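Presented below, as structure tokens, is a lone chain in the form deposited in one PDB entry.
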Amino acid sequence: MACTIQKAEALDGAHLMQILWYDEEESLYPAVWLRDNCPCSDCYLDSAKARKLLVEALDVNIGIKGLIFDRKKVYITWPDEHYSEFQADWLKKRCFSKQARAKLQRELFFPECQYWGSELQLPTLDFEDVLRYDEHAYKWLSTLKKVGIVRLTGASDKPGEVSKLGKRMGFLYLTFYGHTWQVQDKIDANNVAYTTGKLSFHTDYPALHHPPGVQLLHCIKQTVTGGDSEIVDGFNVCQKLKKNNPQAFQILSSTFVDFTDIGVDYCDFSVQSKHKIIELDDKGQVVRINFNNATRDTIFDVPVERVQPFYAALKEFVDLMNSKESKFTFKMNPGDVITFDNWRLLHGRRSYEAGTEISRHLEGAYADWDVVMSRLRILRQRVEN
């Protein structure tokens, strides 16, 4: 009744097609969009699922010359005699009503978000299950998207596990620190991470204009002298900051901060960027946090009078993150892997003691959100069908 055509007609100087569906609802389709989206073999390359039609061939003032319909299809003639057929269900899905458009966006982009603080129950799956079963990998990625973190247990205590997960997703995101990298204490460390010191809450790689979307950390070796992990839900913390201190929020969501990274690892590098620490979209929603205190540059490109208030705002933000209501702490054991949203969470680590042998060793890697969301879409189709 909802996908069955009761009537189709050309309206508004034939610039619009209206479908009355068998449930009595009406949908409206611009003529120019119909022509633009003709599925015929001239207009559309089926093997690529791509449009061949050029903008140059599209008359933007086009109207429907003629139209007939049955219950499942519309058949349209255009003024230059081009001919097009459209399927009812194809049309229904792409209905321009707000409700239809929003429904479809949800299906494409999986916007459901669960904010958390110290009450978090760390979502936890089995490593091998996720590698072997689509039902488990689907749970893994959908929970990663929704909650921002998933722990996988039961990996080996050897290198190569994050690469298996990289492959399960598709491929890992190569950076100057390599395809994967070893978090351990290193002589002449090229990064604070490769010492025994504490890492305060941070996101990884704000020195890049496109920071890693997803980070993977596999515990190979753990120390009893410290090295606990801590995480915080940056989107939750931003929400609290906007409420508690709107001026601080405004400063952090409007001030461009310089980040830097210079050294040698996978190859030699000298990286520079600018980001707002709180990055809003065009509707004012926080979409990414970009903050690492280690790699924030000495160079600070703001007028002198904005400097101290920036620092005062950053301090408020960090105090909220550290609050016992926001923070979630846990300790990784050999064989655990955490995978999290590096655009949303901030993460850190407690200090531990140095010594002559390596007492602590993680293997890390990054992935891109477009790569993960692709895999998520494919898994959903496989598991639902």
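One rule holds for the numbers: they count along the sequence shown, beginning at 1. The term rigid core refers to the maximal set of C-alpha atoms that superpose within 1.5 Å between the two forms.
Taking the mean C-alpha B-factor of each stretch as recorded, 302 to 310 and 241 to 249 are not equal, and the higher mean is that of 241 to 249.
As the entry records it, the average C-alpha temperature factor is higher for 15 to 23, out of 370 to 378 and 15 to 23. Looking only at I231, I278, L131, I149, the residue with the top Cα B factor in the deposited structure is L131.
Residues shown: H209, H202, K139, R288. Highest C-alpha temperature factor in the entry: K139. Ranked by Cα temperature factor within the chain, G117 sits in the lowest third according to the deposited record. Annotation for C43: CA B-factor lies in the lowest third of the chain's modelled residues. Placement of the Cα temperature factor of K49 within the chain: highest third of the modelled residues, per the deposited record. The entry lists a Cα temperature factor for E325 that places it in the highest third of the chain's modelled residues.
Remark: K331 belongs to the highest third of its chain, ranked by C-alpha B-factor as recorded.
The next section is about a form of this same protein that is not shown, the form deposited in another entry.
Compared between the shown form and the other one on the core, the listed residues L280, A100, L174, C113 keep their C-alpha shifts below 2 Å, save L174. The Cα shift for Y75 between the shown form and the other one, taken after rigid core superposition, is smaller than 2 angstroms. Core-superposed comparison between the shown form and the other one: the CA of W90 stays below a 2 Å shift. With a change of no less than 3 Å, the CA-CA distance between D204 and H179 is smaller in the other entry than in the form shown. The Cα-Cα distance between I277 and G178 is shortened by 3 Å or more in the other entry relative to the form shown here.
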